[PDB]
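Just input-v7.cif here, mmCIF, C-alpha atoms:
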```cif
data_my_file
loop_
_atom_site.label_atom_id
_atom_site.label_comp_id
_atom_site.auth_asym_id
_atom_site.auth_seq_id
_atom_site.Cartn_x
_atom_site.Cartn_y
_atom_site.Cartn_z
CA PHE A 51 -29.32 62.06 26.44
CA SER A 52 -30.85 58.65 27.12
CA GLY A 53 -28.52 55.76 27.91
CA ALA A 54 -29.03 52.02 27.58
CA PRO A 55 -26.80 48.94 28.17
CA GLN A 56 -25.49 46.59 25.49
CA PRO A 57 -27.60 43.48 24.76
CA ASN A 58 -27.03 39.96 26.05
CA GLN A 59 -25.58 37.63 23.45
CA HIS A 60 -27.83 35.01 21.89
CA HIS A 61 -26.11 32.44 19.69
CA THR A 62 -27.65 29.45 17.98
CA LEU A 63 -25.65 26.30 17.26
CA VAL A 64 -26.48 23.58 14.75
CA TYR A 65 -24.59 20.28 14.65
CA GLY A 66 -25.18 16.79 13.29
CA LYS A 67 -23.66 13.40 12.49
CA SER A 68 -24.40 10.24 10.51
CA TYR A 69 -23.47 6.70 11.53
CA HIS A 70 -23.57 3.16 10.17
CA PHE A 71 -24.33 0.52 12.80
CA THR A 72 -25.20 -3.18 12.75
CA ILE A 73 -27.31 -5.04 15.29
CA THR A 74 -28.38 -8.66 15.73
CA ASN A 75 -30.90 -11.13 17.15
CA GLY A 76 -31.10 -12.22 20.75
CA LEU A 77 -33.44 -14.37 22.81
CA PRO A 78 -35.06 -12.84 25.91
CA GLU A 79 -33.44 -13.56 29.27
CA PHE A 80 -34.19 -12.91 32.94
CA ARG A 81 -32.49 -12.61 36.31
CA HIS A 82 -32.98 -11.07 39.73
CA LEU A 83 -30.83 -8.16 40.85
CA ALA A 84 -29.77 -7.50 44.43
CA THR A 85 -28.26 -4.12 45.32
CA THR A 86 -27.03 -2.20 48.34
CA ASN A 87 -29.70 -0.97 50.76
CA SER A 88 -31.50 -4.29 50.30
CA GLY A 89 -32.58 -3.42 46.78
CA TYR A 90 -34.20 -6.29 44.89
CA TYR A 91 -35.45 -6.22 41.30
CA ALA A 92 -36.76 -8.68 38.74
CA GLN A 93 -35.10 -7.99 35.40
CA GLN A 94 -35.97 -8.99 31.86
CA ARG A 95 -33.56 -8.17 29.05
CA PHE A 96 -34.65 -8.25 25.41
CA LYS A 97 -31.48 -9.04 23.47
CA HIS A 98 -33.33 -8.44 20.21
CA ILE A 99 -34.54 -4.92 21.07
CA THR N 199 7.36 -13.99 -42.08
CA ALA N 200 5.33 -17.19 -41.81
CA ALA N 201 1.75 -15.87 -41.86
CA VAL N 202 0.31 -19.20 -40.76
CA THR N 203 -3.01 -19.85 -39.01
CA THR N 204 -2.89 -20.06 -35.20
CA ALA N 205 -5.02 -21.71 -32.52
CA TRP N 206 -7.98 -20.04 -30.84
CA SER N 207 -7.18 -18.53 -27.46
CA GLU N 208 -9.04 -16.73 -24.68
CA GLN N 209 -5.69 -15.54 -23.32
CA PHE N 210 -5.80 -11.92 -24.51
CA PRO N 211 -2.62 -10.31 -23.15
CA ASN N 212 -4.79 -7.21 -22.66
CA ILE N 213 -8.20 -7.08 -24.33
CA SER N 214 -10.04 -3.75 -24.17
CA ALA N 215 -12.88 -3.29 -21.68
CA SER N 216 -14.84 -2.10 -24.71
CA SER N 217 -15.06 -5.74 -25.81
CA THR N 218 -15.51 -7.47 -22.43
CA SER N 219 -15.88 -7.08 -18.69
CA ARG N 220 -12.57 -6.16 -17.03
CA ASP N 221 -11.62 -5.75 -13.39
CA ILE N 222 -10.37 -2.41 -12.10
CA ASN N 223 -9.23 -1.25 -8.68
CA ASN N 224 -8.86 2.44 -7.88
CA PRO N 225 -9.55 3.09 -4.16
CA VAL N 226 -9.88 6.75 -3.26
CA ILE N 227 -7.31 7.99 -0.75
CA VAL N 228 -7.93 10.81 1.72
CA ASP N 229 -4.88 12.75 2.90
CA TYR N 230 -4.58 14.54 6.23
CA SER N 231 -1.48 16.74 5.98
CA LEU N 232 0.84 16.95 8.99
CA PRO N 233 3.30 19.73 7.93
CA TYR N 234 4.03 20.92 11.47
CA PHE N 235 5.45 19.03 14.44
CA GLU N 236 2.15 19.54 16.27
CA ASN N 237 -0.74 19.58 13.79
CA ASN N 238 -4.43 20.44 14.08
CA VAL N 239 -6.24 17.34 12.83
CA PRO N 240 -9.92 16.65 11.99
CA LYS N 241 -11.97 13.51 12.67
CA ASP N 242 -11.91 10.98 9.80
CA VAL N 243 -14.19 12.03 6.95
CA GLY N 244 -17.77 10.93 7.60
CA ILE N 245 -18.41 9.29 4.25
CA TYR N 246 -22.10 9.00 5.09
CA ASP N 247 -22.41 12.78 4.97
#
```

Would it be possible to restate this file's structure as structure tokens?
Amino acid sequence: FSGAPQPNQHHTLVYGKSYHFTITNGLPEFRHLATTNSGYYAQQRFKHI
Amino acid sequence: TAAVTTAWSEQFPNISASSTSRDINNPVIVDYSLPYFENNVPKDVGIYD
């Protein structure tokens, strides 16, 4: 007799979705951000990207 | 009884669409049955799929 355990399970999942979005223009803008711990950052946001 | 000649008219009570363009409106309706008091419901049909 020669025993052996059962296998581990290996499952594969496949999912997916489709969406319809709309986006628009936007001029670039800037600001400076201050945060706790004396954090300071120069920020530039591209409202068109 | 008096088969006399009448005036021209574009006012066809109901001319066939086989003779001219005619508007129709038949939106498709999707039902989501709720037979029980607490039903198992799916997410709205993803028409883009």

Would you give me, as a tab-separated table, each residue of chain N having an atom within 8 Å of an atom of chain A, along with its shortest atom pair and that distance in Å to one decimal, using all atoms listed in the file and sorting by chain and residue number?
```
residue	atom	partner	partner_atom	distance
N:244	CA	A:68	CA	7.3
N:246	CA	A:68	CA	6.0
N:247	CA	A:68	CA	6.4
```

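Put simply, the PyMOL selection byres ((chain A and resi 77) around 10) on this file hits residues 75, 76, 78, 79, 95, 96, 97, 98 and 99 of chain A.
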
Could you tell me how far CA of residue 245 in chain N lies from CA of residue 230 in chain N, in Å and to one decimal? 14.9 Å

Take every atom of range 63-80 of chain A listed in the file, fit an axis-aligned box around them, add 8 Å per side, and give the centre and edge lengths in Å to one decimal as JSON.
```
{"center_x": -29.3, "center_y": 6.0, "center_z": 21.6, "size_x": 27.6, "size_y": 56.7, "size_z": 38.8}
```

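Point (-38.9, -7.6, 35.5) has the following residues at most 9 Å away: residues 80, 81, 82, 91, 92, 93, 94 and 95 of chain A (atoms considered: only C-alpha atoms).
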